[PDB]
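Participant: 3D, please:
(9 chains, ligands or ions: 6)
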Amino acid sequence: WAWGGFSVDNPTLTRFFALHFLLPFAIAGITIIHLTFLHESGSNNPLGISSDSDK
Amino acid sequence: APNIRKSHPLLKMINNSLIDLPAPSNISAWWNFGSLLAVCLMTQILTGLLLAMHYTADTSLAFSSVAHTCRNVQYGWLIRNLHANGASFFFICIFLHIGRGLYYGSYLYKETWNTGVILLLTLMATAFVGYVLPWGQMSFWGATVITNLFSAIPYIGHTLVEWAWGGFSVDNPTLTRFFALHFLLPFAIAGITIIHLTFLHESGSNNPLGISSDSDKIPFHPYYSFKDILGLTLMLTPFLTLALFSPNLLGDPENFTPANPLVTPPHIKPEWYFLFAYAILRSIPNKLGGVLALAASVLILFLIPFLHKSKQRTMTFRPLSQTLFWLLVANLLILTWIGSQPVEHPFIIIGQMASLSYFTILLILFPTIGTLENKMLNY
Amino acid sequence: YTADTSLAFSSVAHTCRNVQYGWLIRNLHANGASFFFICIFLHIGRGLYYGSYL
Amino acid sequence: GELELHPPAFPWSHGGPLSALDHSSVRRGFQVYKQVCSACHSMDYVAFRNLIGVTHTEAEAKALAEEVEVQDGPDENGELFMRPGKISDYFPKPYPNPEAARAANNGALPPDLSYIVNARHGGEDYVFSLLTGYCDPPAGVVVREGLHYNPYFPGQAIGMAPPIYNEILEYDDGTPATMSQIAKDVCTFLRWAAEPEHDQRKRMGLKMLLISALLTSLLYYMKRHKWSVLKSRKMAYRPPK
Amino acid sequence: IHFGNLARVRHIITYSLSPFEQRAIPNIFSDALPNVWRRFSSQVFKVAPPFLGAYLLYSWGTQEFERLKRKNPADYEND
Amino acid sequence: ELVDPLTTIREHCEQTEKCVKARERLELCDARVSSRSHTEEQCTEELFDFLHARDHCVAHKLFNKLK
Amino acid sequence: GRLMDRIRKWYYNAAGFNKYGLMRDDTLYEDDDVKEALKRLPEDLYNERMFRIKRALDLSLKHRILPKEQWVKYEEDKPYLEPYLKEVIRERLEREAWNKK
Amino acid sequence: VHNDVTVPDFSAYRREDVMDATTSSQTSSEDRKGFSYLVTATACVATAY
Amino acid sequence: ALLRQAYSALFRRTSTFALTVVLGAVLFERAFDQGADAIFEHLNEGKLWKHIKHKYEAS
Ligand code: HEC
Ligand code: HEM
Ligand code: HEM
Ligand code: HEM
Ligand SMILES: CO/C=C(/C(=O)OC)c1ccccc1Oc1cc(Oc2ccccc2C#N)ncn1
Ligand SMILES: CCCCCCCCO[C@@H]1O[C@H](CO)[C@@H](O)[C@H](O)[C@H]1O
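Facilitator: Residues are numbered from 1 along each chain as shown, chains lettered A, B, ... in the order given. Ligands and ions are numbered 1, 2, ... in the order given. Structure data below:
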């Protein structure tokens, strides 16, 4: 199904181009979510103790 | 917090915009087009990707890759139909969305309005470059006609155009960059749409009576989730009826002929949704003036928020404005019609009249009648 | 680029050989993929070592 | 040069939104093409396998393709060579390129017929009227050498000599090969060559409508059911007054 | 947060019925249709006019165009 | 020999008030156009009016007599 | 003169907000001045305006209007806000003017 | 006072089975819900198809 | 009373309501397709290959 045939051939290439063009945008989108969840807590720091006393 | 629909950093967003979001209790069917536009967008992107997986952007293979898709791909013909006709459903919906806002003074929500104008400009560019991809006769000539208009911009004229073409005429390097652009823009549309709704939520929706609905608000769900789903199938019926019973009703037969640079079609005209602008284009004999008139035919929308004189928001209780509004709508059907006709008498003069009245109504009459009506209310 | 078995390889060569700075862009894109992964492995490492995963 | 005659609307058996193609007519139309039009007209997008289950048997299809020699290659020595056709081959091109096509038709170019009924306004009504509409030029009109008068063709002077006449061939299904019968069949065939999905597309339209009718009614009731609460709602202003 | 900060409202009572105690499309003939007609009536002379005008202009222009394609015998009466 | 219903129905239709009138204006145009030696005129318009009238008539009946 | 004094009554009925039981002032777009004006209204006037509007919205969602009997009559329309709104605008214009000086 | 407040008449909208004020409305409840839910369940089947 | 039975057995507990939609869809499809195809072929007698096939089907 993925190949669109019996071996890696032209129909695979064309759908891989489509996917390659598309996924990076999904990466950009999910990155926004990544930072959104991150901002809920803020950054962790190298000593691993609360840095609210010094931000 | 008690329920996880409010606490969670994500659901909270889905809740404050599609479930617990405060909506006016009296919004009509004209408010169903935003959601249809959203659904319309998700569907174009979907059918677009499905087609992209079989398309080849090369002058020597474009036409046939599209044919191969229709003839060999399982349901390729269906997907091609839906995507092509989806473009029209998209524009129908967008013109009704815009109309609704002009008639109800939704444009007083300036940012929501401006991002909206941007969405429309992006949607056009998308459809324009998308149209070239099959590389048929109208595909190539449309590209050729329109892109050449800009060589008329003094100085950076031939430069900007030759840069855009990637050569000396609309050729293969144009096709490949247009495919990249056609794939890209819809995603910009999806992004800007988020901004559109973000500004919108700052105020909430306007309503048909144009007065504060804080006294009577209802949750988006189930009232509008149901109203919108219903509105989806009501529109979706005429859509599918067209794409299944009359697949080529709106298309130019000229596009079933491979592009040929040595054979100008007799009548180079756009898709229905561009006709009105094409008319305004040809109304001004003078390459430069016509281009500006063309540009202005859409950019005019950025001025609407500044030409509001009425003391009331909508045109519900403004009879004079109401007829002026329908005159405008009729004006646009005339321009649409003129655009599909050859450049000859009587069409030429009718064209200039409709183009001229188009701008008069928006720039002069609307603000004037609005003031007049303020006096007739003793304000 | 042209996504077709018969033109892919050469479309990329054409890009490198004819397009103005095509070679540079091609290089930057191909090498950027590695920069991306180097950065991601250091990003992940950091999180494992500092319990960011909490 | 100005003024044009528009074909009439014939009652094709596949014109109804719910009416398929008469596959019997399509099968005949294929013969016309094969034995008449295929002499100058290419049909690049159709292959013999396409006929199977539409107008022909798999055996008939395989036979039809073998009547043709296709150029395959290269071989061991990098040579081109001939071979009998397979059902995977597309209908043979009459000429190598358009230059040769024109060369053999007085610089005129007979177009590929794969999408002709959609590449022309009027469609099959146009092609039918054109094929059966040849006649003599009216007073004041002179057709230049090599061209033939056809009122239905734009400019009225076409480079295609009337392609069909009565009994120009025999329908092996025993149908009276009158000129109009032929044009009728070949046009039906051309409709099919332009869109093989035709019947399936219509069958789908039927299901779409029924489900659409059903689903819309149902959703209307639900929308109404929910809103009934606000529709019948009553309010009153009761100030301390 | 948007529910509870909207408007300062006082002294208004409202009565509503569950959807299961009432009818979805009640009084189609006594209330619905009359109103549909009422609404149509109230707008017809505001909407229709310009569309009718458009139609006329369309018919004129289309016929005027076909008429200019015909020949005027008054160009061949001399010969 | 065989007979093409097309030709048959063409005759029947040309015997219509509509065609008879169009056919009449045609013959007149032909007449004066053929009898001059420096005129521009052509009878396309008249021929078209005839073919239009006839052919519209043929369409209504032709397919009935075809398989 | 008493010329447009008629035109008005005509427009007033042409407008049609009285069919919802709304006063002219009820239909005003709430810009900045109107908002300040509304804050100055006496409680009773304010609550009445509120009911009138909530009522109108309910009629609008129902796609109905008031029975011909309940329609506000041109001559019985209360310009309850125009007085306040007039003051608000002067005050504003005073400041604007003064801040330039 | 609140004692003077009463619920308007919903006879113009009540479903036939709950029109009469002296009849238990529970007896016809599974009927009224069963019907509306039947429409919905059908919409789902139409959509799942 | 079917509506009551339906309600009690099918539409009351959300689990059974979903089971009804699934089982309902499986049955609706089978029936709806056969029906539509039935209609389509009747409205097109002797035009489909299905119809004329026998004439050349004879090895
Ligand atoms: C001797 C070659 C020959 C044969 C055989 C022939 N054609 Fe053609 N046909 C042509 C030529 C040449 C043209 C180009 C006419 C022109 O463009 O002036 C043409 C053009 C056409 C056109 C219309 C072109 C237009 O621009 O509208 C159609 C449709 C067509 N042929 C149909 C047929 C069909 C169907 C048949 C078989 C019944 C057929 N032809 C057989 C030579 C032929
Ligand atoms: C396209 C890839 C990614 C992008 C753009 C991205 C971006 C970011 C950014 C900008 C931050 C804040 C700055 C920082 O702390 O470095 C962040 C933090 C973080 N990311 Fe990513 N990230 C990516 C992938 C990942 C991956 C693969 C993981 C681990 C599986 C991850 C785990 C985290 C975590 C846990 C933090 C918290 C850092 C802390 O301890 O303060 N990220 N990321
Ligand atoms: C891809 C195109 C667009 C999308 C997806 C989109 C989506 C939406 C949605 C979902 C809403 C809320 C529901 C509604 O009121 O219909 C909305 C509201 C609005 N949009 Fe758009 N829109 C689009 C284009 C535009 C354009 C072109 C304009 C005008 C130039 C515009 C102007 C507005 C305004 C002003 C509102 C406020 C509605 C109100 O008065 O309450 N939108 N749009
Ligand atoms: C805002 C959404 C979109 C619009 C308005 C749109 C519009 C169009 C138009 C006008 C055409 C020409 C239709 C025709 O063949 O006559 C087209 C073709 C095409 N579109 Fe889109 N499109 C959209 C999104 C996409 C996306 C996201 C993709 C996929 C990444 C895409 C891929 C294609 C492809 C492959 C073609 C060429 C094949 C064909 O002509 O059918 N489109 N599009
Ligand atoms: C590539 O040509 C695409 C066309 C098309 O209609 O795509 C949907 C097209 C076809 C034939 C002739 C022209 C064509 O393009 C266009 C493009 C166009 O673009 C605008 C629309 C509104 C405002 C400004 C412009 C510009 N420029 N306005 C009218 N026709
Ligand atoms: C508005 C919702 C419309 C949905 C319509 C669904 C109809 C699709 O039905 C289709 O019919 C074809 C012809 O029989 C079959 O070959 C397909 O497999 C089938 O999915």
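
Participant: residue 48: what secondary structure?
Facilitator: In the absence of a named chain, chain A is used. Judged by DSSP: H, G, I helix; E, B strand; the rest coil, the three-state class of residue A:48 is coil.

Participant: residues in contact with residue A:50?
Facilitator: Applying CB atoms under 8 Å, 6 or more residues apart in numbering or on different chains to residue A:50 gives no contacts. For the C-beta atoms, the positions are set from N, CA and C on the backbone; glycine is no exception.

Participant: ok, now residue D:127?
Facilitator: By CB under 8 Å, 6+ apart, the neighbours of residue D:127 are D:116-117, D:120, D:183, D:187, D:190.

Participant: and the furthest pair within those?
Facilitator: Spatially, the most separated pair among the contacts of residue D:127 is D:120 and D:183, at 14.6 Å (CB to CB).

Participant: start and end of stretch E:22-39, how far apart?
Facilitator: With CA to CA, to the nearest Å applied, stretch E:22-39 spans 25 Å between its terminal residues.

Participant: kindly report the same for stretch G:10-21.
Facilitator: Stretch G:10-21 end-to-end distance (CA to CA) = 17 Å.

Participant: need the contact partners of it.
Facilitator: Residues from elsewhere that reach stretch G:10-21, judged by CB under 8 Å, 6+ apart: B:209, B:316-319, B:373, B:376-377, G:24, G:26-27, G:52, G:55-56, G:59-60, G:65-66, G:70-74, G:77.

Participant: so how far is stretch E:28-35 from its chain's centroid?
Facilitator: Taking CA atoms, centre = their mean, to the nearest Å, one finds stretch E:28-35 lying 19 Å from the centre of the chain it belongs to.

Participant: who's in contact with that stretch?
Facilitator: For stretch E:28-35, the surrounding residues in contact (CB under 8 Å, 6+ apart) are E:25, G:63-64.

Participant: how far does that stretch stretch from one end to the other?
Facilitator: 10 Å.

Participant: now swap in stretch G:74-87 and tell me
Facilitator: 24 Å.

Participant: which helices and strands sit right next to the helix ranked longest in chain I?
Facilitator: Taking DSSP state H as the criterion, chain I has its longest helix at helix I:14-42. Contact partners of helix I:14-42 among helices and strands, from 3 or more CB pairs under 8 Å, 6 or more residues apart in numbering or on different chains; DSSP states H and E: helix D:198-231, helix H:29-48.

Participant: run the contact check for whichever helix or strand comes after it versus chain D.
Facilitator: Using DSSP states H and E, the helix or strand that follows helix I:14-42 towards the C-terminus is helix I:49-52. Yes - interface with chain D: helix I:49-52 contributes I:49, I:51-52 (CB under 8 Å from any CB of the partner chain).

Participant: buried stuff in helix I:49-52?
Facilitator: Buried residues in helix I:49-52, counted by 16 or more other CB atoms under 10 Å in any protein chain shown: I:49, I:52.

Participant: same check, this time on stretch A:3-16
Facilitator: Going by 16+ other CB under 10 Å, stretch A:3-16 has these buried residues: A:4, A:10-15.

Participant: cool, stretch D:1-12 as well?
Facilitator: D:5, D:7-8, D:10, D:12.

Participant: looking at those, which is nearest chain G?
Facilitator: residue D:12 (45.6 Å; CB to the nearest CB).

Participant: enumerate every residue touching the closest residue to residue H:34 other than its chain neighbours.
Facilitator: Nearest non-adjacent residue to residue H:34, counting by CB to CB, 6 or more residues apart in numbering or on different chains: residue I:7, 3.2 Å away. Counting by CB under 8 Å, 6+ apart, residue I:7 touches H:30-31, H:33-34, H:37.

Participant: mind redoing it with 10 Å?
Facilitator: Counting by CB atoms under 10 Å, 6 or more residues apart in numbering or on different chains, residue I:7 touches H:29-38, I:1.

Participant: which of those residues are buried?
Facilitator: Buried members of the contacts of residue I:7, scored by 16+ other CB under 10 Å, are H:29-38.

Participant: chain D: which of those is nearest?
Facilitator: residue H:36 (5.7 Å).

Participant: for the nearest residue to the closest one once chain neighbours are set aside, which residues are in contact?
Facilitator: Spatial nearest neighbour of residue H:36, excluding adjacent residues (CB to CB, 6+ apart): residue D:225 at 5.7 Å. Going by CB under 10 Å, 6+ apart, residue D:225 touches B:222, B:226, E:19-20, E:22-25, H:35-36, H:39-40.

Participant: out of the contacts of residue I:7, who's nearest residue D:90?
Facilitator: Nearest to residue D:90 among the contacts of residue I:7, with distances taken as CB to CB, is residue H:38, at 53.8 Å.

Participant: how close does the closest one get to residue D:224?
Facilitator: If you measure residue H:38 against residue D:224 using CB to CB, to the nearest Å, the figure is 15 Å.

Participant: check the secondary structure at the most centrally placed residue in chain E for me.
Facilitator: Nearest to the geometric centre of chain E sits residue E:47, at 6.0 Å (CA atoms, centre = their mean). State at residue E:47, reduced to three classes by three-state DSSP: helix.

Participant: ok, now which ones touch it?
Facilitator: Going by CB under 10 Å, 6+ apart, residue E:47 touches B:322-323, B:325-326, B:329-330, E:40.

Participant: and residue D:25, by the same measure?
Facilitator: With CB under 10 Å, 6+ apart, residue D:25 has these contacts: D:12-14, D:55, D:175, D:181, D:184-189, D:191-192, F:66-67, I:47.

Participant: could you redo the last one with a cut-off of 6 Å?
Facilitator: Residue D:25 makes contact with D:185, D:188, according to CB atoms under 6 Å, 6 or more residues apart in numbering or on different chains.

Participant: same question for residue D:188.
Facilitator: Counted by CB under 6 Å, 6+ apart, residue D:188 has contacts D:25-26, D:29.

Participant: one more time with 8 Å, if that's ok
Facilitator: Going by CB under 8 Å, 6+ apart, residue D:188 touches D:12-14, D:21-22, D:25-26, D:29, D:124.

Participant: nearest residue to it in space, please, no chain neighbours.
Facilitator: Here the residue nearest residue D:188, using CB to CB, 6+ apart, is residue D:25, at 4.3 Å.

Participant: so that neighbour is in which element?
Facilitator: Counting by DSSP H and E, residue D:25 is part of helix D:23-35.

Participant: quick one: which helix or strand includes the nearest residue to residue E:13 once chain neighbours are set aside?
Facilitator: Once flanking residues are discounted, residue E:13 sits nearest to residue D:236: 5.0 Å by CB to CB, 6+ apart. Per DSSP H and E: residue D:236 is located in strand D:234-237.

Participant: again, but for residue G:50
Facilitator: helix G:43-62.

Participant: what's the angle from that helix to helix B:220-245?
Facilitator: Counting by axes from the mean of the first three to the mean of the last three CA atoms, to 10 degrees, helix G:43-62 lies at 30 degrees to helix B:220-245.

Participant: how many residues are close by residue F:56?
Facilitator: Counted with other CB atoms under 10 Å in any protein chain shown, the neighbours of residue F:56 add up to 16.

Participant: ok, it touching residue D:8?
Facilitator: Yes - between residue F:56 and residue D:8 there is a contact at 4.9 Å, judged by CB atoms under 8 Å.

Participant: settle this for me: residue D:233 is touching residue G:58, isn't it.
Facilitator: Yes - the criterion here is CB under 8 Å, and residue D:233 meets it with residue G:58 at 6.7 Å.

Participant: more neighbours, the two?
Facilitator: It is residue G:58, of residue D:233 and residue G:58, that has more neighbours when counted by other CB under 10 Å, with 21 against 18.

Participant: which residues does that one contact?
Facilitator: B:25-26, B:216, D:230, D:233, D:235.

Participant: of these, closest to residue H:2?
Facilitator: Looking across the contacts of residue G:58 and measuring by CB to CB, the closest to residue H:2 is residue D:235, at 16.0 Å.

Participant: in three-state terms, label the residue most central in space within chain G for me.
Facilitator: Among the residues of chain G, the one closest to the centroid is residue G:25, at 0.4 Å (CA atoms, centre = their mean). Classification of residue G:25 using three-state DSSP returns helix.
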